[PDB]
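This report refers to the structure that appears directly beneath it.
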Amino acid sequence: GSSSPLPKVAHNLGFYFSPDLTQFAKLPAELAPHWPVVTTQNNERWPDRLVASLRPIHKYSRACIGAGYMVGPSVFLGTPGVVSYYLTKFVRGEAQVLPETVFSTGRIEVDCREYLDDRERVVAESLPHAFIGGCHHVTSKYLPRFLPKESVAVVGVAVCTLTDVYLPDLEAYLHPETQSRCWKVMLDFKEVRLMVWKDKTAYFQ
Amino acid sequence: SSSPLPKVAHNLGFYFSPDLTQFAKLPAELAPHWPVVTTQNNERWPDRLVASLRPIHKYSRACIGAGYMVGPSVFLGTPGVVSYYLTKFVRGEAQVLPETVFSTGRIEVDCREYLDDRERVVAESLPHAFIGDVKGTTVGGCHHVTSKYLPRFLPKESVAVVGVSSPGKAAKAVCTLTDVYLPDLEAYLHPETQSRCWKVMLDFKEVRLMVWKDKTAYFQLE
């Protein structure tokens, strides 16, 4: 069996249907040859496909490190430095190079408010204005336990914007050459904008 | 006063209660007309299920080792110790309740630990039923609340189904799990044939248990 992306990841690669994965909208097996589709079935029969796997499958399989993932009905947290799933994208039959990206951790989905590890605490401590009052990281001190889920906006997909990205993945951004930079960041294959003010604050827009 | 976990009463047909918070509020005026769970042996309610602390009948069943609640709070069963008594009245007259095993409350309270040393050894004895292991891309044998590869969220069900994971190594879409006191299953773990399917009553629900001696063992719904 294989793990598989959170919906937003496939969505951002342009995938919405799946015959086999229930986090996505259903499409019958029979129609997969004629529509792009996310799956864990590496089915040569379906030419436009995104396949999730736990072992690479072609040189172009991207190892999705540290991502939130799902297995059957369950959601799991990414483990930093550990590969969540591989993704291999086939357009009109042939495997395609994926852009490089960072990954959401799954802390949002599973409502977890903790640092994943000491290294991430150490990064938050190094710029303590970052990601609170606007835009909160999942671990922000000021975030109340009961959020009203309807009115929350997620970075990479309003009461607030919210991210669960693993801080070290981002930490070079927090330290630009210029006094401040509006970066161009790939998160879950979606281009967001991280705005850094060296040594004061940073946040997404 | 001690009460059954919601699933136990559901399995018996009972969803309304005037008194017990864990259930659906029903106003007293209607209690005469629905099956109800209650800590009140009330004659006015012909179809009722009473949770006692001591019996009131030939047919009053002891719920031994069962997880239970007092007000808003869940508590673990202790194995060997009855948690509460239950009596089924139908049209004013007590009924014989089937013989059953009991979920322990661990899933409700998120306590993923053995109840006692004794259970530790059973889990350890049949590790591909009760602990887990991987073969390349596949995990199996994590069918208990104590097992490896478990998600953070577990359905509050007698037999819960979850996806399961060895981060970076293996995954399973479907894995079937309970929090039963493992020794209550010993009777079933040692057959002669290559496989066997038991019928088992768990939390008063009829469930099927596959056993592959001495490889794995898992519950399933009908």
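In the structure tokens, the first chain shown is A, the next is B, and so on; residue numbers restart at 1 for each chain, and ligands run from 1 in the order shown.
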
For chain B against chain A, with a cut-off of 9 Å and counting only C-alpha atoms, what is the closest atom pair and its distance in Å to one decimal for every residue that makes the cut, ordered by chain and number, as CSV?
```
residue,atom,partner,partner_atom,distance
B:137,CA,A:1,CA,6.1
B:138,CA,A:1,CA,5.8
B:139,CA,A:1,CA,8.3
B:151,CA,A:76,CA,6.3
B:152,CA,A:76,CA,7.3
B:153,CA,A:74,CA,7.4
B:154,CA,A:74,CA,8.6
B:161,CA,A:73,CA,8.2
B:162,CA,A:74,CA,5.9
B:163,CA,A:72,CA,4.5
B:164,CA,A:71,CA,6.3
B:165,CA,A:71,CA,7.2
B:167,CA,A:84,CA,6.5
B:168,CA,A:83,CA,5.1
B:169,CA,A:54,CA,6.8
B:170,CA,A:2,CA,6.7
B:171,CA,A:1,CA,5.1
B:172,CA,A:1,CA,5.2
B:173,CA,A:72,CA,3.9
B:174,CA,A:72,CA,6.1
B:175,CA,A:72,CA,8.9
```

Dump N, CA, C and O atoms for the selected residues as a PDB file, in the first residue's frame?
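For reference, result37.pdb as written:
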```pdb
ATOM      1  N   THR B 137       6.604  -2.783   1.565  1.00  0.00           N
ATOM      2  CA  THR B 137       5.674  -1.691   1.373  1.00  0.00           C
ATOM      3  C   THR B 137       4.387  -1.873   2.206  1.00  0.00           C
ATOM      4  O   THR B 137       3.535  -0.980   2.244  1.00  0.00           O
ATOM      5  N   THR B 138       4.280  -2.997   2.915  1.00  0.00           N
ATOM      6  CA  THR B 138       3.069  -3.336   3.645  1.00  0.00           C
ATOM      7  C   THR B 138       3.282  -3.482   5.144  1.00  0.00           C
ATOM      8  O   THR B 138       4.177  -4.212   5.574  1.00  0.00           O
ATOM      9  N   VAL B 139       2.435  -2.798   5.919  1.00  0.00           N
ATOM     10  CA  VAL B 139       2.273  -2.989   7.365  1.00  0.00           C
ATOM     11  C   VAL B 139       1.094  -3.899   7.617  1.00  0.00           C
ATOM     12  O   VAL B 139       0.087  -3.811   6.945  1.00  0.00           O
ATOM     13  N   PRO B 151      -2.789   6.097  13.555  1.00  0.00           N
ATOM     14  CA  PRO B 151      -3.053   7.551  13.391  1.00  0.00           C
ATOM     15  C   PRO B 151      -3.313   8.265  14.722  1.00  0.00           C
ATOM     16  O   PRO B 151      -3.503   7.629  15.767  1.00  0.00           O
ATOM     17  N   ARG B 152      -3.285   9.586  14.694  1.00  0.00           N
ATOM     18  CA  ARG B 152      -3.677  10.364  15.882  1.00  0.00           C
ATOM     19  C   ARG B 152      -5.155  10.293  16.225  1.00  0.00           C
ATOM     20  O   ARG B 152      -5.476  10.363  17.365  1.00  0.00           O
ATOM     21  N   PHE B 153      -6.030  10.184  15.235  1.00  0.00           N
ATOM     22  CA  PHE B 153      -7.469  10.061  15.440  1.00  0.00           C
ATOM     23  C   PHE B 153      -8.005   8.635  15.208  1.00  0.00           C
ATOM     24  O   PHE B 153      -7.796   8.043  14.152  1.00  0.00           O
ATOM     25  N   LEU B 154      -8.741   8.127  16.185  1.00  0.00           N
ATOM     26  CA  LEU B 154      -9.356   6.816  16.119  1.00  0.00           C
ATOM     27  C   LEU B 154     -10.887   6.912  16.218  1.00  0.00           C
ATOM     28  O   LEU B 154     -11.422   7.479  17.191  1.00  0.00           O
ATOM     29  N   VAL B 161     -12.120   1.491  11.960  1.00  0.00           N
ATOM     30  CA  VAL B 161     -11.287   1.314  10.777  1.00  0.00           C
ATOM     31  C   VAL B 161     -10.401   2.545  10.578  1.00  0.00           C
ATOM     32  O   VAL B 161     -10.894   3.683  10.523  1.00  0.00           O
ATOM     33  N   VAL B 162      -9.098   2.316  10.465  1.00  0.00           N
ATOM     34  CA  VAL B 162      -8.149   3.392  10.164  1.00  0.00           C
ATOM     35  C   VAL B 162      -7.120   3.023   9.096  1.00  0.00           C
ATOM     36  O   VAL B 162      -6.830   1.847   8.889  1.00  0.00           O
ATOM     37  N   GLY B 163      -6.572   4.032   8.415  1.00  0.00           N
ATOM     38  CA  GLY B 163      -5.401   3.833   7.597  1.00  0.00           C
ATOM     39  C   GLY B 163      -4.241   3.732   8.561  1.00  0.00           C
ATOM     40  O   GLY B 163      -4.337   4.222   9.686  1.00  0.00           O
ATOM     41  N   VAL B 164      -3.137   3.112   8.140  1.00  0.00           N
ATOM     42  CA  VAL B 164      -2.039   2.839   9.077  1.00  0.00           C
ATOM     43  C   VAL B 164      -0.622   3.085   8.461  1.00  0.00           C
ATOM     44  O   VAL B 164      -0.451   2.953   7.245  1.00  0.00           O
ATOM     45  N   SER B 165       0.370   3.508   9.242  1.00  0.00           N
ATOM     46  CA  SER B 165       1.616   3.988   8.600  1.00  0.00           C
ATOM     47  C   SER B 165       2.918   3.812   9.330  1.00  0.00           C
ATOM     48  O   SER B 165       3.032   4.095  10.539  1.00  0.00           O
ATOM     49  N   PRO B 167       6.135   5.606   8.671  1.00  0.00           N
ATOM     50  CA  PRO B 167       6.492   6.784   7.882  1.00  0.00           C
ATOM     51  C   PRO B 167       7.733   6.518   7.053  1.00  0.00           C
ATOM     52  O   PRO B 167       8.785   6.173   7.585  1.00  0.00           O
ATOM     53  N   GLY B 168       7.602   6.639   5.751  1.00  0.00           N
ATOM     54  CA  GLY B 168       8.748   6.480   4.885  1.00  0.00           C
ATOM     55  C   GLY B 168       8.912   5.066   4.367  1.00  0.00           C
ATOM     56  O   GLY B 168       9.647   4.872   3.412  1.00  0.00           O
ATOM     57  N   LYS B 169       8.216   4.093   4.961  1.00  0.00           N
ATOM     58  CA  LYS B 169       8.453   2.655   4.694  1.00  0.00           C
ATOM     59  C   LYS B 169       7.243   1.905   4.139  1.00  0.00           C
ATOM     60  O   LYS B 169       7.319   1.280   3.087  1.00  0.00           O
ATOM     61  N   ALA B 170       6.143   1.946   4.886  1.00  0.00           N
ATOM     62  CA  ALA B 170       4.929   1.220   4.528  1.00  0.00           C
ATOM     63  C   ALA B 170       3.615   1.999   4.813  1.00  0.00           C
ATOM     64  O   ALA B 170       3.626   3.018   5.538  1.00  0.00           O
ATOM     65  N   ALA B 171       2.501   1.522   4.240  1.00  0.00           N
ATOM     66  CA  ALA B 171       1.159   2.075   4.500  1.00  0.00           C
ATOM     67  C   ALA B 171       0.051   1.048   4.218  1.00  0.00           C
ATOM     68  O   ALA B 171       0.231   0.191   3.330  1.00  0.00           O
ATOM     69  N   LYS B 172      -1.083   1.115   4.943  1.00  0.00           N
ATOM     70  CA  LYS B 172      -2.286   0.299   4.628  1.00  0.00           C
ATOM     71  C   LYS B 172      -3.528   1.109   4.700  1.00  0.00           C
ATOM     72  O   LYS B 172      -3.800   1.752   5.725  1.00  0.00           O
ATOM     73  N   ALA B 173      -4.316   1.026   3.644  1.00  0.00           N
ATOM     74  CA  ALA B 173      -5.549   1.780   3.565  1.00  0.00           C
ATOM     75  C   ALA B 173      -6.531   1.334   4.657  1.00  0.00           C
ATOM     76  O   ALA B 173      -7.264   2.141   5.247  1.00  0.00           O
ATOM     77  N   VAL B 174      -6.521   0.052   4.952  1.00  0.00           N
ATOM     78  CA  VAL B 174      -7.568  -0.448   5.767  1.00  0.00           C
ATOM     79  C   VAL B 174      -7.002  -1.289   6.859  1.00  0.00           C
ATOM     80  O   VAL B 174      -6.284  -2.253   6.626  1.00  0.00           O
ATOM     81  N   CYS B 175      -7.334  -0.913   8.077  1.00  0.00           N
ATOM     82  CA  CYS B 175      -6.871  -1.645   9.236  1.00  0.00           C
ATOM     83  C   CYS B 175      -7.880  -1.455  10.343  1.00  0.00           C
ATOM     84  O   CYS B 175      -8.424  -0.370  10.575  1.00  0.00           O
TER      85      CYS B 175
END
```

Please identify all polymer residues within 12 Å of residue 29 in chain B, counting only C-alpha atoms, omitting same-chain residues fewer than 5 positions from it, and present them as an mmCIF file with N, CA and C atoms, in the first residue's frame.
```cif
data_model
loop_
_atom_site.group_PDB
_atom_site.id
_atom_site.type_symbol
_atom_site.label_atom_id
_atom_site.label_comp_id
_atom_site.auth_asym_id
_atom_site.auth_seq_id
_atom_site.Cartn_x
_atom_site.Cartn_y
_atom_site.Cartn_z
ATOM 1 N N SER B 17 -32.071 9.376 26.036
ATOM 2 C CA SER B 17 -31.982 9.300 27.473
ATOM 3 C C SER B 17 -32.462 10.618 27.971
ATOM 4 N N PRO B 18 -33.252 10.617 29.051
ATOM 5 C CA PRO B 18 -33.594 11.897 29.668
ATOM 6 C C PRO B 18 -32.480 12.414 30.569
ATOM 7 N N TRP B 34 -40.339 5.865 23.619
ATOM 8 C CA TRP B 34 -39.090 5.512 22.920
ATOM 9 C C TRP B 34 -38.251 4.567 23.748
ATOM 10 N N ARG B 44 -42.752 3.944 34.451
ATOM 11 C CA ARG B 44 -43.465 4.732 33.451
ATOM 12 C C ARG B 44 -42.877 4.583 32.032
ATOM 13 N N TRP B 45 -41.623 4.128 31.929
ATOM 14 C CA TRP B 45 -40.948 3.946 30.640
ATOM 15 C C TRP B 45 -40.839 2.463 30.263
#
```

Write out as a JSON list (two decimals) with N, CA, C and O atoms, in the first residue's frame all residues of range 113-145 of chain B that backbone DSSP assigns to strand (DSSP E or B).
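Done, and the output landed in states19.json:
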```json
[["chain", "number", "residue", "atom", "x", "y", "z"],
["B", 133, "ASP", "N", 4.00, -5.09, 12.07],
["B", 133, "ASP", "CA", 5.27, -5.25, 11.38],
["B", 133, "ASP", "C", 5.14, -4.91, 9.90],
["B", 133, "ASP", "O", 4.02, -4.86, 9.36],
["B", 134, "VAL", "N", 6.27, -4.67, 9.26],
["B", 134, "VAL", "CA", 6.25, -4.28, 7.86],
["B", 134, "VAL", "C", 6.92, -5.34, 6.98],
["B", 134, "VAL", "O", 7.83, -6.01, 7.42],
["B", 135, "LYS", "N", 6.43, -5.53, 5.77],
["B", 135, "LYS", "CA", 7.17, -6.28, 4.76],
["B", 135, "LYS", "C", 7.24, -5.45, 3.50],
["B", 135, "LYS", "O", 6.27, -5.36, 2.74],
["B", 138, "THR", "N", 4.28, -3.00, 2.91],
["B", 138, "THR", "CA", 3.07, -3.34, 3.65],
["B", 138, "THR", "C", 3.28, -3.48, 5.14],
["B", 138, "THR", "O", 4.18, -4.21, 5.57],
["B", 139, "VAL", "N", 2.43, -2.80, 5.92],
["B", 139, "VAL", "CA", 2.27, -2.99, 7.37],
["B", 139, "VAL", "C", 1.09, -3.90, 7.62],
["B", 139, "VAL", "O", 0.09, -3.81, 6.95],
["B", 140, "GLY", "N", 1.19, -4.76, 8.61],
["B", 140, "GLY", "CA", 0.00, -5.45, 9.06],
["B", 140, "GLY", "C", 0.03, -5.65, 10.55],
["B", 140, "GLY", "O", 1.01, -5.30, 11.21],
["B", 144, "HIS", "N", -4.84, -3.28, 17.46],
["B", 144, "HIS", "CA", -5.17, -2.94, 18.81],
["B", 144, "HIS", "C", -4.81, -1.51, 19.14],
["B", 144, "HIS", "O", -4.02, -0.87, 18.44]]
```

TODO: Tell me, as number ranges by chain, which residues lie within 10 Å of range 99-102 of chain A, counting only C-alpha atoms; anything in the same chain fewer than 4 positions away does not count.
DONE: A: 13, 62, 64-67, 165-166, 169-170, 185-191

Go ahead and write the residues just picked, C-alpha atoms, as a PDB file, in the first residue's frame.
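The result, written out as again38.pdb:
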```pdb
ATOM      1  CA  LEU A  13      -0.770  19.998  -9.758  1.00  0.00           C
ATOM      2  CA  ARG A  62       9.785  13.457  -6.528  1.00  0.00           C
ATOM      3  CA  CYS A  64       7.925  14.602  -0.958  1.00  0.00           C
ATOM      4  CA  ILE A  65       9.895  15.200   2.209  1.00  0.00           C
ATOM      5  CA  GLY A  66       8.173  16.011   5.491  1.00  0.00           C
ATOM      6  CA  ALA A  67       4.624  16.406   4.055  1.00  0.00           C
ATOM      7  CA  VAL A 165       5.013  24.594   7.360  1.00  0.00           C
ATOM      8  CA  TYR A 166       8.092  23.176   9.038  1.00  0.00           C
ATOM      9  CA  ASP A 169      12.376  24.473   5.500  1.00  0.00           C
ATOM     10  CA  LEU A 170      11.789  28.232   5.467  1.00  0.00           C
ATOM     11  CA  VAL A 185       7.833  30.432  -2.447  1.00  0.00           C
ATOM     12  CA  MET A 186       6.597  27.050  -3.692  1.00  0.00           C
ATOM     13  CA  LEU A 187       4.356  25.506  -1.016  1.00  0.00           C
ATOM     14  CA  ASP A 188       2.394  22.372  -1.819  1.00  0.00           C
ATOM     15  CA  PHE A 189       3.146  23.190  -5.485  1.00  0.00           C
ATOM     16  CA  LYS A 190       1.492  26.600  -5.135  1.00  0.00           C
ATOM     17  CA  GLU A 191       3.343  29.885  -5.413  1.00  0.00           C
TER      18      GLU A 191
END
```

- [ ] For range 176-184 of chain B, please output as a ChimeraX atom specification all residues within 6 Å (counting only C-alpha atoms; exclusion window: fewer than 6 positions along the same chain).
- [x] /B:103-104,119,143-145,159-161

Mind dumping the selected residues with N, CA and C atoms as a PDB file, in the first residue's frame?
```
ATOM      1  N   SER B 103     -15.511  -3.222  24.979  1.00  0.00           N
ATOM      2  CA  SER B 103     -14.478  -2.200  24.802  1.00  0.00           C
ATOM      3  C   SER B 103     -14.157  -1.597  26.176  1.00  0.00           C
ATOM      4  N   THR B 104     -12.914  -1.156  26.336  1.00  0.00           N
ATOM      5  CA  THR B 104     -12.343  -0.787  27.625  1.00  0.00           C
ATOM      6  C   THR B 104     -12.330   0.706  27.915  1.00  0.00           C
ATOM      7  N   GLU B 119      -1.702  -8.373  29.948  1.00  0.00           N
ATOM      8  CA  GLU B 119      -2.078  -8.078  28.586  1.00  0.00           C
ATOM      9  C   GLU B 119      -0.818  -7.859  27.750  1.00  0.00           C
ATOM     10  N   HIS B 143      -3.918  -4.186  15.163  1.00  0.00           N
ATOM     11  CA  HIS B 143      -5.346  -4.251  15.314  1.00  0.00           C
ATOM     12  C   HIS B 143      -5.738  -3.941  16.746  1.00  0.00           C
ATOM     13  N   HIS B 144      -4.841  -3.278  17.456  1.00  0.00           N
ATOM     14  CA  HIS B 144      -5.168  -2.941  18.810  1.00  0.00           C
ATOM     15  C   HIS B 144      -4.812  -1.513  19.140  1.00  0.00           C
ATOM     16  N   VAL B 145      -5.413  -1.020  20.213  1.00  0.00           N
ATOM     17  CA  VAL B 145      -5.279   0.383  20.517  1.00  0.00           C
ATOM     18  C   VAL B 145      -3.845   0.660  20.931  1.00  0.00           C
ATOM     19  N   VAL B 159     -15.612  -1.506  16.596  1.00  0.00           N
ATOM     20  CA  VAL B 159     -14.596  -1.878  15.592  1.00  0.00           C
ATOM     21  C   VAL B 159     -14.329  -0.651  14.719  1.00  0.00           C
ATOM     22  N   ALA B 160     -13.203  -0.007  14.982  1.00  0.00           N
ATOM     23  CA  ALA B 160     -12.776   1.193  14.254  1.00  0.00           C
ATOM     24  C   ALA B 160     -11.935   0.788  13.064  1.00  0.00           C
ATOM     25  N   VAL B 161     -12.120   1.491  11.960  1.00  0.00           N
ATOM     26  CA  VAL B 161     -11.287   1.314  10.777  1.00  0.00           C
ATOM     27  C   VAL B 161     -10.401   2.545  10.578  1.00  0.00           C
TER      28      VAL B 161
END
```

- [ ] Within 10 Å of range 69-83 of chain B, counting only C-alpha atoms, which residues show up once you throw out same-chain ones fewer than 5 positions away? Write them as number ranges by chain, please.
- [x] B: 1-6, 19-22, 51-54, 61-64, 102-109, 111, 115-116, 119, 180-181, 183-184

For those residues, write N, CA, C and O atoms to a file as a short mmCIF file (atom, residue, chain, number, x, y, z; two decimals), in the first residue's frame.
```cif
data_model
loop_
_atom_site.label_atom_id
_atom_site.label_comp_id
_atom_site.auth_asym_id
_atom_site.auth_seq_id
_atom_site.Cartn_x
_atom_site.Cartn_y
_atom_site.Cartn_z
N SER B 1 -23.04 8.47 39.09
CA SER B 1 -23.41 7.03 38.80
C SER B 1 -22.88 6.47 37.41
O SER B 1 -22.91 7.17 36.37
N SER B 2 -22.44 5.20 37.38
CA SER B 2 -21.71 4.63 36.23
C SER B 2 -22.54 4.23 35.01
O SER B 2 -23.53 3.52 35.16
N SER B 3 -22.11 4.63 33.82
CA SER B 3 -22.95 4.40 32.61
C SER B 3 -22.24 3.80 31.38
O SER B 3 -21.02 3.90 31.26
N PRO B 4 -22.99 3.21 30.44
CA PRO B 4 -22.32 2.62 29.29
C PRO B 4 -21.85 3.68 28.31
O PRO B 4 -22.44 4.77 28.24
N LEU B 5 -20.78 3.36 27.59
CA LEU B 5 -20.28 4.21 26.54
C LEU B 5 -21.36 4.21 25.50
O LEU B 5 -22.09 3.22 25.38
N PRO B 6 -21.47 5.30 24.74
CA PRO B 6 -22.58 5.43 23.80
C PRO B 6 -22.75 4.20 22.88
O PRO B 6 -23.88 3.71 22.65
N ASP B 19 -31.67 11.50 31.10
CA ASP B 19 -30.76 11.87 32.17
C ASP B 19 -29.30 11.85 31.76
O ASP B 19 -28.54 12.77 32.13
N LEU B 20 -28.91 10.84 30.99
CA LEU B 20 -27.48 10.64 30.65
C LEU B 20 -26.95 11.59 29.55
O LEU B 20 -27.43 11.52 28.42
N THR B 21 -25.98 12.46 29.85
CA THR B 21 -25.48 13.47 28.84
C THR B 21 -24.91 12.85 27.57
O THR B 21 -25.14 13.37 26.48
N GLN B 22 -24.18 11.75 27.70
CA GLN B 22 -23.55 11.13 26.54
C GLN B 22 -24.54 10.72 25.45
O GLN B 22 -24.15 10.39 24.33
N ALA B 51 -28.75 1.36 33.66
CA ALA B 51 -27.42 1.13 34.12
C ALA B 51 -27.39 1.28 35.65
O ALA B 51 -27.60 2.38 36.19
N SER B 52 -27.14 0.17 36.34
CA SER B 52 -27.24 0.13 37.80
C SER B 52 -25.85 0.21 38.38
O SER B 52 -24.88 0.41 37.66
N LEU B 53 -25.73 0.07 39.69
CA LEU B 53 -24.42 -0.22 40.25
C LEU B 53 -24.45 -1.62 40.84
O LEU B 53 -23.40 -2.18 41.17
N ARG B 54 -25.66 -2.18 40.90
CA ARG B 54 -25.95 -3.50 41.48
C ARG B 54 -27.18 -3.97 40.76
O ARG B 54 -28.01 -3.14 40.41
N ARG B 61 -27.36 -8.13 33.36
CA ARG B 61 -26.00 -8.54 32.98
C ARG B 61 -24.89 -7.64 33.57
O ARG B 61 -24.99 -6.40 33.56
N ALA B 62 -23.83 -8.26 34.08
CA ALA B 62 -22.70 -7.48 34.59
C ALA B 62 -21.77 -7.15 33.44
O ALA B 62 -21.42 -8.03 32.63
N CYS B 63 -21.39 -5.88 33.36
CA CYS B 63 -20.55 -5.43 32.28
C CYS B 63 -19.13 -5.32 32.82
O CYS B 63 -18.71 -4.30 33.39
N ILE B 64 -18.43 -6.44 32.64
CA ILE B 64 -17.19 -6.72 33.32
C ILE B 64 -16.09 -6.15 32.49
O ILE B 64 -16.03 -6.41 31.31
N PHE B 102 -16.34 -6.53 26.01
CA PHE B 102 -16.50 -5.09 26.20
C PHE B 102 -15.30 -4.24 25.81
O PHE B 102 -14.19 -4.52 26.23
N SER B 103 -15.51 -3.22 24.98
CA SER B 103 -14.48 -2.20 24.80
C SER B 103 -14.16 -1.60 26.18
O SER B 103 -15.02 -1.52 27.05
N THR B 104 -12.91 -1.16 26.34
CA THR B 104 -12.34 -0.79 27.63
C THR B 104 -12.33 0.71 27.92
O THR B 104 -11.98 1.12 29.03
N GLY B 105 -12.67 1.52 26.92
CA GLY B 105 -12.73 2.98 27.10
C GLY B 105 -11.48 3.67 26.56
O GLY B 105 -11.44 4.91 26.48
N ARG B 106 -10.46 2.90 26.20
CA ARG B 106 -9.17 3.45 25.81
C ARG B 106 -9.26 4.32 24.59
O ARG B 106 -8.54 5.34 24.47
N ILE B 107 -10.15 3.96 23.68
CA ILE B 107 -10.26 4.73 22.48
C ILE B 107 -10.90 6.06 22.78
O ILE B 107 -10.48 7.08 22.24
N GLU B 108 -11.88 6.07 23.67
CA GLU B 108 -12.54 7.33 24.01
C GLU B 108 -11.62 8.32 24.74
O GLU B 108 -11.71 9.52 24.55
N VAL B 109 -10.71 7.81 25.55
CA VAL B 109 -9.88 8.61 26.44
C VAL B 109 -8.47 8.77 25.87
O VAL B 109 -7.59 9.41 26.49
N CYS B 111 -5.95 6.56 25.54
CA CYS B 111 -4.92 5.95 26.33
C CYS B 111 -4.50 4.70 25.59
O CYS B 111 -5.22 3.71 25.55
N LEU B 115 -3.47 -2.53 29.83
CA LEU B 115 -4.22 -2.36 31.08
C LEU B 115 -3.47 -2.87 32.29
O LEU B 115 -3.53 -2.29 33.37
N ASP B 116 -2.73 -3.95 32.07
CA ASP B 116 -1.90 -4.63 33.06
C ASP B 116 -0.75 -5.38 32.31
O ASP B 116 -0.79 -5.54 31.08
N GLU B 119 -1.70 -8.37 29.95
CA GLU B 119 -2.08 -8.08 28.59
C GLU B 119 -0.82 -7.86 27.75
O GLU B 119 -0.73 -8.36 26.63
N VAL B 180 -10.27 -3.87 23.09
CA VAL B 180 -10.54 -5.00 23.99
C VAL B 180 -9.35 -5.41 24.84
O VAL B 180 -8.20 -5.31 24.40
N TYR B 181 -9.63 -5.89 26.05
CA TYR B 181 -8.61 -6.45 26.91
C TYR B 181 -8.20 -7.76 26.29
O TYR B 181 -9.00 -8.70 26.20
N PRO B 183 -6.52 -10.52 26.75
CA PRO B 183 -6.81 -11.83 27.34
C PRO B 183 -8.24 -12.32 27.13
O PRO B 183 -8.46 -13.53 27.19
N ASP B 184 -9.20 -11.43 26.89
CA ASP B 184 -10.58 -11.88 26.67
C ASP B 184 -10.72 -12.61 25.35
O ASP B 184 -11.77 -13.18 25.07
#
```

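Nearest-residue note for residue 144 in chain A: choosing from A:129, A:113, A:11, A:58, the minimum distance belongs to A:113, counting only C-alpha atoms.
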
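Each of A:119, A:89, A:145, A:175 was compared to residue 50 in chain A using only C-alpha atoms, and A:89 turns out to be the nearest.
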
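Residue nearest residue 172 in chain A within the list A:131, A:37, A:196, A:30: A:196 [criterion: smallest interatomic distance, only C-alpha atoms].
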
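For the set A:203, A:17, A:24, A:35, the residue with the smallest atom-to-atom gap to residue 135 in chain A is A:203, counting only C-alpha atoms.
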
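CA of residue 125 in chain B lies 18.5 Å from CA of residue 149 in chain B.
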
Task: Contacts of residue 142 in chain B at 6 Å (only C-alpha atoms; same-chain gap of 5+ positions) as a PyMOL selection string - done: chain B and resi 130-132+147

Writing out the chosen residues with N, CA, C and O atoms as an mmCIF file, in the first residue's frame:
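out.cif, written as the output of this step:
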```
data_model
loop_
_atom_site.group_PDB
_atom_site.id
_atom_site.type_symbol
_atom_site.label_atom_id
_atom_site.label_comp_id
_atom_site.auth_asym_id
_atom_site.auth_seq_id
_atom_site.Cartn_x
_atom_site.Cartn_y
_atom_site.Cartn_z
ATOM 1 N N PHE B 130 -1.149 -7.934 17.068
ATOM 2 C CA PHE B 130 -1.371 -6.970 18.115
ATOM 3 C C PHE B 130 -0.373 -5.835 18.230
ATOM 4 O O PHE B 130 -0.584 -4.895 19.015
ATOM 5 N N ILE B 131 0.709 -5.907 17.472
ATOM 6 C CA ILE B 131 1.748 -4.910 17.602
ATOM 7 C C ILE B 131 2.007 -4.292 16.246
ATOM 8 O O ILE B 131 1.877 -3.089 16.077
ATOM 9 N N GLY B 132 2.358 -5.123 15.272
ATOM 10 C CA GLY B 132 2.563 -4.651 13.928
ATOM 11 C C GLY B 132 3.903 -5.069 13.393
ATOM 12 O O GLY B 132 4.821 -5.394 14.158
ATOM 13 N N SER B 147 -1.187 -0.740 19.351
ATOM 14 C CA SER B 147 -0.235 -1.108 18.297
ATOM 15 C C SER B 147 0.595 0.035 17.698
ATOM 16 O O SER B 147 0.337 1.209 17.955
#
```

- [ ] Within range 15-143 of chain B, find each residue whose DSSP state, derived from the backbone, is helix (DSSP H, G or I), and express the selection as a count of residues only.
- [x] 23

Open item on the list: Between CA of residue 25 in chain A and CA of residue 111 in chain A, what distance in Å does the model show, to one decimal?
Closed with: 23.2 Å

- [ ] State, in Å with one decimal place, the distance from CA of residue 41 in chain A to CA of residue 14 in chain A.
- [x] 17.9 Å

- [ ] With a distance cut-off of 12 Å and only C-alpha atoms, select the neighbouring residues of residue 158 in chain A, excluding the residue or stretch itself and same-chain residues fewer than 4 positions from it, and output the selection as an NGL selection string.
- [x] :A and (134-135 or 147-154 or 162)

Could you write out that same residue set with N, CA and C atoms as a short mmCIF file (atom, residue, chain, number, x, y, z; two decimals), in the first residue's frame?
```cif
data_model
loop_
_atom_site.label_atom_id
_atom_site.label_comp_id
_atom_site.auth_asym_id
_atom_site.auth_seq_id
_atom_site.Cartn_x
_atom_site.Cartn_y
_atom_site.Cartn_z
N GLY A 134 -3.92 38.83 10.27
CA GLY A 134 -2.79 38.38 9.46
C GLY A 134 -2.53 36.88 9.56
N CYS A 135 -1.28 36.51 9.87
CA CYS A 135 -0.79 35.15 9.59
C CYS A 135 -0.14 34.43 10.77
N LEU A 147 -10.87 27.64 17.08
CA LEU A 147 -10.98 28.53 15.94
C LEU A 147 -12.33 28.30 15.24
N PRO A 148 -12.95 29.35 14.63
CA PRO A 148 -14.13 29.06 13.80
C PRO A 148 -13.72 28.69 12.36
N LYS A 149 -13.71 27.38 12.11
CA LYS A 149 -13.13 26.75 10.91
C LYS A 149 -13.61 27.35 9.57
N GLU A 150 -14.87 27.78 9.52
CA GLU A 150 -15.43 28.41 8.31
C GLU A 150 -14.56 29.59 7.87
N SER A 151 -14.16 30.43 8.82
CA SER A 151 -13.58 31.73 8.50
C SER A 151 -12.06 31.76 8.57
N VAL A 152 -11.42 30.60 8.46
CA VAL A 152 -9.96 30.49 8.48
C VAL A 152 -9.37 30.23 7.09
N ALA A 153 -8.36 31.01 6.71
CA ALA A 153 -7.69 30.84 5.44
C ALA A 153 -6.32 30.15 5.58
N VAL A 154 -6.06 29.20 4.70
CA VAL A 154 -4.84 28.43 4.77
C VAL A 154 -3.88 28.87 3.68
N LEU A 162 -3.19 30.86 8.10
CA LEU A 162 -2.63 29.87 8.98
C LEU A 162 -1.77 28.98 8.16
#
```
